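Asker: Protein chains in written order, with the numbering used here: chain H, 15 to 233; chain E, 15 to 233; chain F, 7 to 37; chain Z, 7 to 37. Dropping a structure here in structure tokens format, bear with me for questions.
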Amino acid sequence: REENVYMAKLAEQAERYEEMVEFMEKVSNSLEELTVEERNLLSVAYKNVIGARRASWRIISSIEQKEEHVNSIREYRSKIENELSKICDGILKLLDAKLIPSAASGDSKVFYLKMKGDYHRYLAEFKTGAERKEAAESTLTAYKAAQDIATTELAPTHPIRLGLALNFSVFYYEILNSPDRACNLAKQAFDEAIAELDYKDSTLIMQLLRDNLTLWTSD
Amino acid sequence: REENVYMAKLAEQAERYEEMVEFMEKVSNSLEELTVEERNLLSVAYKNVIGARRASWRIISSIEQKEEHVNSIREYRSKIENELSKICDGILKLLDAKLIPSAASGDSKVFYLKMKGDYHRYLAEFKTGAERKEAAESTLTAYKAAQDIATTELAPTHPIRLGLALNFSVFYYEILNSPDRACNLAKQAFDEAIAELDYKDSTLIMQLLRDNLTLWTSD
Amino acid sequence: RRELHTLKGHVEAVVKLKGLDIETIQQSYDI
Amino acid sequence: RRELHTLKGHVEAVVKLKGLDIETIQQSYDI
Ligand SMILES: O=C(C1=C(O)C(=O)N(c2ccc(O)c(C(=O)O)c2)[C@H]1c1ccc([N+](=O)[O-])cc1)c1ccccc1
Ligand SMILES: O=C(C1=C(O)C(=O)N(c2ccc(O)c(C(=O)O)c2)[C@H]1c1ccc([N+](=O)[O-])cc1)c1ccccc1
């Protein structure tokens with residue numbers, strides 16, 4: 015165990031994330047109640063692996079749109095997307111299998127639940143048919159299932175409480191394509207964060223929320 | 015052809031370089047006198063693919079050193095290095111096979127020759143035995159073979175003329191571990207660049223040269 | 007921080023450097 | 007530009023962000 019953790023921090027440092035995911039996979043299966051550290055390593059691993067694709071993805075899609083040739087591009091995006099479904103598919107089972115099932119506290123549960131919604135969400139970013147839908151749904155049910163715990167077991171300023179809010183609110187506006195319900199979740203989350211402002215991780219999230227509004231309020 | 019070029023620019027944009035190398039490989043073999051553009055795409059492709067490794071490499075090695083555990087690290091670096099030899103090995107044959115053999119002008123020749131020295135040099139960065147040596151040698155013979163053409167067929171301000179100088183001068187100081195001969199090549203190259211300063215690509219190289227000295231002159 | 011810890015920031019960085027003159031691809035800020 | 011177009015610049019960027027407190031790994035500027 016101590017090795018994969020370590021071997022993981024290497025892949026991190028080295029910035030060889032895909033390999034960072036593996037060392038972590040090992041860690042999870044090689045297991046009890048996964049530790050904050052490991053938890054936050056498995057994420058960052060998947061965060062980056064996945065992240066790299068969405069980025070490659072968007073630009074691509076962005077270039078594809080411009081053209082309208084397009085044939086080839088789509089081909090590429092095809093290849094790319096394929097990768098997405100993978101990482102997503104990967105992290106998800108690991109969620110259902112080992113992670114969630116063990117959760118013994120708010121953060122943990124709120125944390126994972128949150129993850130489970132995010133990748134389901136990422137799946138919603140490019141899927142088009144039955145999948146696309148079952149995702150949006152799965153997204154919603156996931157975040158909501160989390161929100162019930164956070165808004166109740168976590169302080170309105172707690173990073174997670176905030177982290178969830180932010181993404182959830184990007185799920186609505188961007189996935190379900192319904193600006194209204196989003197903003198409220200945004201603003202609501204933001205306000206009740208203030209009403210108790212009396213750090214660093216939270217503060218940086220509250221900032222992203224305001225940016226989302228002012229941005230969603232300007233189209 | 016037009017496709018792989020294009021398909022290449024995608025991988026570029028997308029920032030999926032390894033794939034950018036392939037599209038290019040296709041391009042080379044699918045061939046005449048490779049065009050400036052394609053030439054400079056094949057490079058950037060290899061530049062980045064390779065580049066990513068050296069970086070992962072250094073940090074790693076850097077972390078390995080600190081420790082003195084180290085066992086595992088080395089294992090990783092092992093894996094990493096393995097990759098290096100590959101890209102290098104790849105670009106090199108392509109050099110001997112298609113590229114060089116056709117060169118019909120200073121830049122081209124000076125250009126490639128330059129490439130051939132660089133990767134040979136990159137091979138010198140981590141190899142240890144007979145290989146390491148044959149590399150340093152191959153490095154030298156490569157750059158020198160180039161220098162004979164540049165310093166003669168190119169203007170002292172010409173990027174390549176400069177590009178070569180810079181690296182060549184990092185070969186000495188860093189590979190052969192002989193500061194003296196380096197600086198002169200550095201300074202010499204820098205001066206004769208000025209003596210005619212009367213843009214953008216060159217100017218940015220002359221700056222790197224000065225940085226190397228002041229840096230090599232301070233240890 | 008924003009271009010360090012968000013897909014949006016990163017995307018905006020790359021697209022700018024890449025001289026990519028394609029027109030703004032809308033996106034929000036997601037952790 | 008230097009952290010954009012040189013292994014040295016890049017390495018120095020990452021190492022800093024990664025809070026990597028290992029001590030300077032010497033390196034020159036190579037195109
Ligand atoms: O709030 C807690 C955090 C961590 O543990 C942790 O490592 N955090 C962290 C640090 C540096 C980062 O760069 C990132 C990042 O990836 O943004 C995240 C905090 C955090 C919060 C919300 C999310 N989130 O919803 O995406 C992600 C991370 C917490 C507190 C108690 C128990 C568990 C978690
Ligand atoms: O000088 C010529 C250049 C190009 O063609 C070209 O594309 N350049 C270029 C542009 C943007 C970049 O970011 C980079 C980079 O990778 O630094 C490089 C110039 C260049 C110079 C020296 C080297 N080099 O020695 O590594 C590499 C590139 C030239 C002039 C005539 C014919 C052929 C080449």
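Ideal placement from N, C-alpha and C gives every residue a C-beta, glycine not left out.
Look at the alpha carbon of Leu45(E) and the alpha carbon of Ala159(E), and state the distance between them as a whole number of angstroms.
Answerer: Each residue's Cα considered, the two are about 25 angstroms apart.
Asker: Can you name the residues of chain E whose CB is closer than 9 angstroms to the CB of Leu26(Z)?
Answerer: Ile73, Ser76, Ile77
Asker: Count the other CB atoms within 10 Å of the CB of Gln27(E); is the residue buried (16 or more) or exposed (fewer)?
Answerer: buried
Asker: Please classify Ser183(H) as buried or exposed, where buried requires at least 16 neighbouring CB atoms within 10 angstroms.
Answerer: Buried.
Asker: What are the boundary residues of the alpha helix (DSSP H) that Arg15(H) is part of?
Answerer: Where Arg15(H) is concerned, there is no enclosing alpha helix (DSSP H), given that its DSSP letter is neither H nor E.
Asker: Closer than 9 angstroms, Cβ to any Cβ of chain F: which residues of the region 25 to 52 of chain E, in chain order?
Answerer: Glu26, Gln27, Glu29
Asker: By a C-beta neighbour count over all protein chains shown, 10 Å radius and 16 as the cutoff for buried, is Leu98(E) buried or exposed?
Answerer: buried
Asker: Using 10 angstroms around the beta-carbon of residue 61(Z), count the other beta-carbons present and answer buried if the total reaches 16, otherwise exposed.
Answerer: With chain Z covering only 7 through 37, there is no way to say anything about residue 61(Z).
Asker: Please classify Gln221(H): does DSSP put it in a helix, a strand, or coil?
Answerer: DSSP places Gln221(H) within a helical segment (H, G or I) once states are collapsed to three.
Asker: Whose C-beta lies closer than 6 angstroms to the C-beta of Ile101(E) among residues of the same chain, with five residues either side of it excluded?
Answerer: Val63, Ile64
Asker: Kindly indicate which three-state DSSP category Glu32(E) falls into: helix, strand or coil?
Answerer: helix
Asker: Chain H partners of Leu10(F), CB-CB under 9 angstroms?
Answerer: What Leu10(F) touches in chain H: nothing, since even the nearest Cβ is about 10 angstroms away.
Asker: Let me know the secondary structure DSSP gives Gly104(E) once reduced to three states.
Answerer: helix
Asker: Does at least one heavy atom of ligand 1 sit under 7 angstroms from the Cβ of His134(H)?
Answerer: no
Asker: Rounded C-beta distance between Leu154(H) and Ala164(H)? I'm assuming under 8 angstroms.
Answerer: With a Cβ gap of about 15 angstroms, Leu154(H) and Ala164(H) do not count as contacting.
Asker: Determine whether the beta carbon atoms of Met21(H) and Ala59(H) lie at a separation below 8 angstroms.
Answerer: no
Asker: So that I know if they touch, is there some Cβ in chain Z lying closer than 8 angstroms to that of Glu95(E)?
Answerer: Not an interface residue.
Asker: Could you tell me whether the Cβ atoms of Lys201(H) and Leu176(H) are closer together than 8 angstroms?
Answerer: No, they are not a contact pair.
Asker: Which whole runs of the beta strand (DSSP E) in the region 27 to 92 of chain E are 3 residues long or more, in chain order?
Answerer: Within the region 27 to 92 of chain E, no run of beta strand (DSSP E) reaches 3 residues while sitting entirely inside it.
Asker: Between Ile74(E) and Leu24(H), is the Cβ-Cβ spacing less than 8 angstroms?
Answerer: Taking 8 angstroms as the Cβ cut-off, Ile74(E) and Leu24(H) qualify as a contacting pair.
Asker: Residues of chain E with CB under 7 angstroms from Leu13(Z), in chain order?
Answerer: What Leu13(Z) touches in chain E: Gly65, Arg68, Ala69.
Asker: I need the straight-line Cα distance from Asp212(E) to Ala69(H), nearest angstrom please.
Answerer: 43 angstroms
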